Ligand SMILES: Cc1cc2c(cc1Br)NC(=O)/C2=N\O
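The chain below stands alone and is given as structure tokens, in the form solved without this ligand.
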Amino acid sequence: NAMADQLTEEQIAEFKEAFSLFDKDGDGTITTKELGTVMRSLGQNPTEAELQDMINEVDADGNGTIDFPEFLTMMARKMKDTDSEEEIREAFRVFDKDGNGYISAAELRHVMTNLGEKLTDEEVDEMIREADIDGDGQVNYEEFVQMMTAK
């Protein structure tokens, strides 16, 4: 509950509404049957074991249904991912000093130094080279996102 304990009362209320779209009988639990109904409304045709698998990913207590606390943990994890994505785009905008969509070595040097980083010139060059998948000498947004993706 450490993740869910980080949510505001307002976020909890939004998420209670989201939970209700799954928990259509209002009994406090999302079942595989309920999930299947939602997935079919999304144009999917899952199997029972697929639904069970989806439940299992969220079902911290192993009881086979999703309660509100488990739902809140899931939503808190999604919020954290959204926040991380936002931090990465905002950092890209700064590192790409001229806004042209590519981080050059010179730009990276400037930003690093202005942030008080003491990286040597070789280290800056290395950072560009490692991230530069396409070989054009600079780092585009998708290259940056890949570089910042956990392992």
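Here, rigid core means the biggest group of C-alpha atoms that superpose within 1.5 Å across both forms. Numbers for residues come from their place in the sequence shown, where the first is 1.
The discussion below concerns the form solved in complex with this ligand, not included here.
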query	finding
Ligand-site call, this ligand overlaid in the deposited complex, backbone or C-beta contacts under 2.4 Å, 3+ atoms	open
Residue contact check: residue 121 to this ligand in the deposited complex, 4.5 Å heavy atom	no
Touches this ligand in the deposited complex: residue 141 (any heavy atom, 4.5 Å)	no
In the deposited complex, residues of 68 to 92 near this ligand [heavy atom within 4.5 Å]	71, 74, 75, 78
Residue 99 C-alpha moves between the shown form and the other one by 2 Å or more, core aligned	yes
Post core alignment: residue 21 C-alpha displaced by 2 Å or more between the shown form and the other one	no
Exceeds or equals 2 Å, Cα of residue 83 between the shown form and the other one, core fit	yes
Residue pair residue 56, residue 85 - Cα distance in the deposited complex, closer or farther (3 Å or more)	farther
